[PDB]
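Novice:
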Amino acid sequence: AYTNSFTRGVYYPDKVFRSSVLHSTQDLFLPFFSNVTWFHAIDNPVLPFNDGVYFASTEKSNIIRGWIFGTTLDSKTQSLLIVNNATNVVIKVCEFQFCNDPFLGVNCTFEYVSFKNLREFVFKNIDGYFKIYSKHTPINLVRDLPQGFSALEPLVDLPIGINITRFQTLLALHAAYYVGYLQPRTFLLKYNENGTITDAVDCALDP
Amino acid sequence: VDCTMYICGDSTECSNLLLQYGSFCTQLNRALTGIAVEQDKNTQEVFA
Amino acid sequence: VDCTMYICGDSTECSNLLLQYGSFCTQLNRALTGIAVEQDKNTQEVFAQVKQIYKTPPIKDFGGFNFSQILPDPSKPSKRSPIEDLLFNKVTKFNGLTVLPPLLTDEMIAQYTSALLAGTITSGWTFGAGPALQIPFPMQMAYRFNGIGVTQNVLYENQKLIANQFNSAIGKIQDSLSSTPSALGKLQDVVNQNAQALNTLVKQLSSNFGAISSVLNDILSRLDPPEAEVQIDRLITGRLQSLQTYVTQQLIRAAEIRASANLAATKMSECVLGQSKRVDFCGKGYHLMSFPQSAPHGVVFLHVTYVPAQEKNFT
Amino acid sequence: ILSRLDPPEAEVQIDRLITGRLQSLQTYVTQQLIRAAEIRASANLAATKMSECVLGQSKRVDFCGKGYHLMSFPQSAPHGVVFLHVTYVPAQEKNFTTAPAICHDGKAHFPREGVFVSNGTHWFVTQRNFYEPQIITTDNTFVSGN
Amino acid sequence: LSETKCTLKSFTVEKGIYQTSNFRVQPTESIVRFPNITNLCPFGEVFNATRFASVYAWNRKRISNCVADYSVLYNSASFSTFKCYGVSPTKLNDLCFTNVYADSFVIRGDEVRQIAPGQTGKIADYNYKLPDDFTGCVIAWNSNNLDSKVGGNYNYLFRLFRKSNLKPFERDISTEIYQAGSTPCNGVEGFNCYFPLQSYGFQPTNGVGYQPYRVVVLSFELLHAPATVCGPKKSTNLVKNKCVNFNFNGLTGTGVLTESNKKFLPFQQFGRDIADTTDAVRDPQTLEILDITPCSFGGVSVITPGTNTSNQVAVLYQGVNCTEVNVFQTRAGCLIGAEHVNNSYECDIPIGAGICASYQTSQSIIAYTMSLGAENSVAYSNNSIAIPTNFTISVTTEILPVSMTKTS
């Protein structure tokens, strides 16, 4: 549908170890309170990203996991399909077939790679690095977007080197998932004494 | 004073070259703001 | 601040290339030392105005007036009045930076102020000129009243009413000072400004100053001679301009502090140790008497004035 | 330096020379302005002192000397000025006994200028700043109430 | 005493407290420490690879995740292009690169002052894509008579015909035309489609430069990472609370490997308290968190009476605990060469925090709360007054500056 994306899709710019400040960073993120072209996932069409995002997402029980990259998205050129489980990692960033009813089924060389639960996924390509970020935390609501916050932690950090420009969706099969519309703004992260991103404000939203 | 405008003059190259120096420009704005507030303080204190 | 350590970070090459500039570091150290001495001069000049140490008699019989809210309290480990305690509780390193401790401590400041207060209460205004001569309060207050053109029997016919008004006013001012949080904005602003300036003067290391990076340690482990010189000349320029925005704005700021300290010294000598005839100098109204108190990096005065209140027509 | 040097290598040194001359000299012209501010403050203070203490007599406590002011005389010095202050200081004290009023014929009598003191058996009236006793009459007292 | 005579530029010295050259904690053990990591990297299978395939399909062998000898990475005189900016060669040895990656491409004669990941070429911008920034260093040995082809090489092909400007280090195999007008020719020849890539003419009868230059380049990355990866220097044992050798992962000094209880929250391990210096370290072999802190330093000040009365001198270290250098510890530092006394007097030479000092063959170098004046008390009673009987006349003196000198 179209909903306020609330405060989803934030992550750690690096996997290093900080302490107890109020910082400001400049990178590619997901908006706050966005007019997402949220087309559903189960009623299962494509999403937006705008200015600098992976396939941002939302998730209930590992429901909204896979998506497609490429440039023409027909395997005729740069084209990428991602099945997603994050348990038995036999990497398939390989080249597969896609659809405009975008859904996921069951070569790529270099194995040097990067609502009852919260597991939002990430698929970027920065300087060859094919970064991915996951999540794990349970909640209770079932209908729509929880009014909450969370930060996405990386899995690995290693490069592969395959180019991508455009996108479709996939659906890792054995309702609602929210994305946003951005331009390259800056964020103001906040921390606790235990080291978890607790708050953030978008510097280009209102006065 | 419009700091970056005065120094550069609508030049992207000048902007990217300037971003290597720091917070001189914020310092200048801060000092001028302090002066501006002090003036009105003086006038009020004398007359009211 | 330490010039060589701050600019070079223990690098023999950096020091060798810096040695061919001159005496900039010497001038900077001289200026900072001058400011450091000036501060202690200020505090001593304001507060040390008496030669002996007086103290109050053990028995408090002042004719009805109650001074318990300003005289020292023996229960506390540090002898401070309740107003002083409220004031003190109200208000809230490695890159060559140092901070030196002051010469006079809070205990000595408290003792000086207590001596002033006991002296004035016991003997009036005669302990500033020569020797101390005692006198009772109803007579001393009759003198003060006569000082502003009111015949002296008016005090003797209204002693109890005057005492009651005095005590009520003291209670009210204690409560009002306790209540509002924006009383000490001047002191808070001074402290905030100093800390902010120092923070930026350290974060200019987090600035670049011609450098491709900021933190000088890694840039110094990075750069060649003919480019390291290009960086350090701008780094000393910025450190001189910033510590000398402090030196400039703070020879300016020491000018402001010196003006304030001179004004405080004059106010003490003329309102505490005597009675003033200058209009609106020591308070609004007709001046009677003043009491001092201390506070972190400052001083506080409490004035006492006399105000007419009911009018009738005549011919 | 000017004899030995070459142009695009001497440009850096002349630029440095103006920067450092105007920089040492800029804390120093800022310091000419700063020291001028300080000297101006002192000069204004001296002018006020002359006008208020040599051309008159002042009542402000501890502005011209320590004690009670009487007179002043100026002198001269290289780049300066010197003042001499004449003051007044009490010397020797003695205890007494006091009282606010006296009720002779049921009326209350207050002193006009001075205090009531008693050597032990008799009552006199003296001025406050110097001990000279006088007999007590209706010349120097006024009546007010019962 | 000789030091302060030098500082004042005279022989006679008045009474007071003067300052001399400061004391830094010179390394109790020398200025040396760098982390456990000691790896390195080979180059053989990329320099002898069968295909350094064409500029649009360049080959890359994984050369990274190692302690690259940045001294070797700059001390190598075989490096022809060393405008490897951001960092600088002659100090490259003292550096700590978190990673040194492996990409590659082929240079030309005019670009040797332009060669890096980020370099000059439509070669780049269509077989590559990123800005033109300088960081990339090239191996070169004598290649005068090795391998070359008369007439022109149709693999290393100067792409004078490219639709846009120059941007290096990506990959794209489309040998596509100049869009100087509006013609997409889909990589074919023609008129107004001039074959997009011409040949430099790498001929063996020609000069040395034409004959082959297989180039191995190295990228550079710096991270605030868990301080496990940095340059070489001897790593001491985790001797807590003892000032030992440390150049900790790049941070020089001499000091302590104090085990840290700090959980050290999760993404600026080069602990970025606003000073941006490491405050905790973990290591793959020593998983424990190790705090970081430099040892002491502070000024040295000399107190002395007049030089015409005696030649004894006391020395005070500012803000230094005594054990870390008669010894007497005060709140202002450590004082050496003094006698503590209990009777209080006035102040002569102010030291700090309420302490003063003086000379005895009258008083010792006293240390306690000062004496503010002679105690007094006024006999106060509710029916007693005091009155003077005699007077005296006094004369004082005041001095004031009025003017200044006059220059131009």
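Protein chains in written order, with the authors' numbering: chain B, 27 to 68, 78 to 88, 91 to 143, 165 to 172, 186 to 245, 263 to 295; chain X, 736 to 783; chain F, 736 to 827, 854 to 1076; chain W, 980 to 1125; chain L, 296 to 620, 641 to 676, 689 to 735. The C-beta atom is built at its ideal place from N, Cα and C for all residues, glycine as well.
1. Just to confirm my understanding: we take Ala879(F), look at its own chain, exclude 5 residues before and 5 after, and list those with CB closer than 7 Å. What are they?
2. Return the CA-CA distance between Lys776(F) and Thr547(L), expressed in angstroms with no decimal places.
3. Are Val1040(W) and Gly889(F) close, meaning C-beta to C-beta below 8 Å?
4. Have a look at the DSSP bridge pairing and note the partners of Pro1053(W).
5. Suppose you measure from the CA of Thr523(L) to the CA of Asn532(L); what does that come to, to the nearest Å?
6. Can you grab the Cα-Cα spacing for the pair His1058(W) / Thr732(L), in whole Å?
7. Around the Cβ of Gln779(X), are there at least 16 other Cβ atoms within 10 angstroms (buried) or fewer (exposed)?
8. From this set, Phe58(B), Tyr200(B) and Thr51(B), which residue's C-alpha is nearest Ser221(B)'s C-alpha?
9. Taking all protein chains shown into account, do 16 or more other C-beta atoms lie within 10 angstroms of the C-beta of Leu276(B), making it buried, or fewer, making it exposed?
10. Leaving out the 5 sequence neighbours to the left and right, which residues in its chain are closer than 8 Å to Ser591(L) when beta-carbon positions are compared?
11. Does any residue of chain L have a CB that is nearer than 8 Å to the CB of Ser1021(W)?
12. How is the beta strand (DSSP E) around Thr778(F) delimited, first residue to last?
13. Run the CB neighbour count on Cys1032(W), radius 10 Å, all protein chains shown included, and call it buried at 16 or more, exposed below.
14. Enumerate in chain order the residues of its own chain whose CB-to-CB distance from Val781(F) is below 6 Å, with the five nearest sequence positions on each side excluded.
15. Taking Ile726(L) as part of the alpha helix (DSSP H), name the residues at either end of that continuous run.
16. Given that a residue counts as buried once 16 or more other Cβ atoms are within 10 Å of its Cβ, and exposed if not, what is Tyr1007(F)?
17. If we require 3 or more residues per run, which beta strand (DSSP E) segments fall completely within the region 439-480 of chain L?
18. Can you pull the chain B residues whose beta carbon is under 9 Å from the beta carbon of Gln563(L), in chain order?
19. List, in chain order, every chain W residue whose beta-carbon is nearer than 8 Å to that of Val1008(F).
20. Quick check on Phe400(L): does DSSP put it in helix, strand or coil?
21. Buried or exposed: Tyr449(L), going by 16 or more other Cβ atoms within 10 Å of its Cβ?
22. Which term fits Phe347(L), buried or exposed, when burial requires 16 or more other beta carbons within 10 angstroms of its beta carbon?
23. If the cut is a Cβ gap below 7 Å, which residues of chain L does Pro1069(W) touch?
24. Going by DSSP in three states, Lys310(L) sits in which element: helix, strand or coil?
25. Nearest chain L C-beta to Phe1062(W) closer than 8 Å, yes or no?
26. Contact criterion: CB-CB distance below 8 Å. Does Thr912(F) meet it with respect to chain X?
27. Consult DSSP for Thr739(F) and reduce its assignment to one of helix, strand or coil.
28. Any C-beta of chain X within less than 9 Å: which residues of the region 948-973 of chain F qualify?
29. Going by DSSP, which residues form a beta bridge with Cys1082(W)?
30. Flag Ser758(X) as yes if its beta-carbon sits less than 8 Å from any beta-carbon of chain C, otherwise no.
31. Can you check whether the C-beta of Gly219(B) is within less than 8 Å of a C-beta belonging to chain L?
32. Is the separation between the beta-carbon of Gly35(B) and that of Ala93(B) shorter than 8 Å?
33. Secondary structure at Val610(L), three-state DSSP: helix, strand or coil?
34. Would you please state the rounded distance, in angstroms, between the beta carbons of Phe329(L) and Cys538(L)? I believe it to be under 8 Å.
35. Does any residue of chain L bring its CB to less than 8 Å from the CB of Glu988(W)?
36. Counting only C-beta atoms, is residue 1078(F) closer than 8 Å to chain W at any point?
Specialist: In terms of the structure at hand:
1. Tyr789, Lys790 and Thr791
2. 40 Å
3. Closer than 8 Å, so yes.
4. In the DSSP output, where bridge partners are listed per residue, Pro1053(W) has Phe1062(W).
5. 15 Å
6. 9 Å
7. exposed
8. For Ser221(B), the closest C-alpha among the options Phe58(B), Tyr200(B) and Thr51(B) is that of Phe58(B).
9. exposed
10. Sequence-distant Cβ neighbours of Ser591(L) in its own chain, meaning closer than 8 Å and more than five residues away, are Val320, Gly614, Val615, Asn616 and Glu619.
11. yes
12. Per DSSP, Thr778(F) belongs to no beta strand (DSSP E); it is in the alpha helix (DSSP H), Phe759 to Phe782.
13. Buried is the call here.
14. Its chain contains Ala1022, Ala1025 and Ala1026 as the residues whose beta carbon lies nearer than 6 Å to that of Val781(F), once the 5 sequence neighbours on both sides are disregarded; these appear in chain order.
15. From DSSP, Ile726(L) is part of no alpha helix (DSSP H) but of the beta strand (DSSP E) over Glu725 to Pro728.
16. buried
17. none
18. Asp40, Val42, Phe43, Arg44, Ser45, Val47 and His49
19. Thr1006
20. coil
21. exposed
22. So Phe347(L) counts as buried.
23. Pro715 and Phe718
24. coil
25. yes
26. no
27. helix
28. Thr961, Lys964, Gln965, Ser967, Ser968, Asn969, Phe970, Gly971, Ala972 and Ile973
29. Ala1087(W)
30. Among the protein chains of the structure shown, namely B, X, F, W and L, there is no chain C.
31. Not one chain L Cβ lies under 8 Å of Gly219(B).
32. yes
33. The three-state secondary structure of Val610(L), taken from DSSP, is strand.
34. Not really, about 18 Å apart at Cβ, beyond 8 Å.
35. no
36. One cannot answer for residue 1078(F) here, as it falls past the ends of chain F, which runs 736 to 1076.
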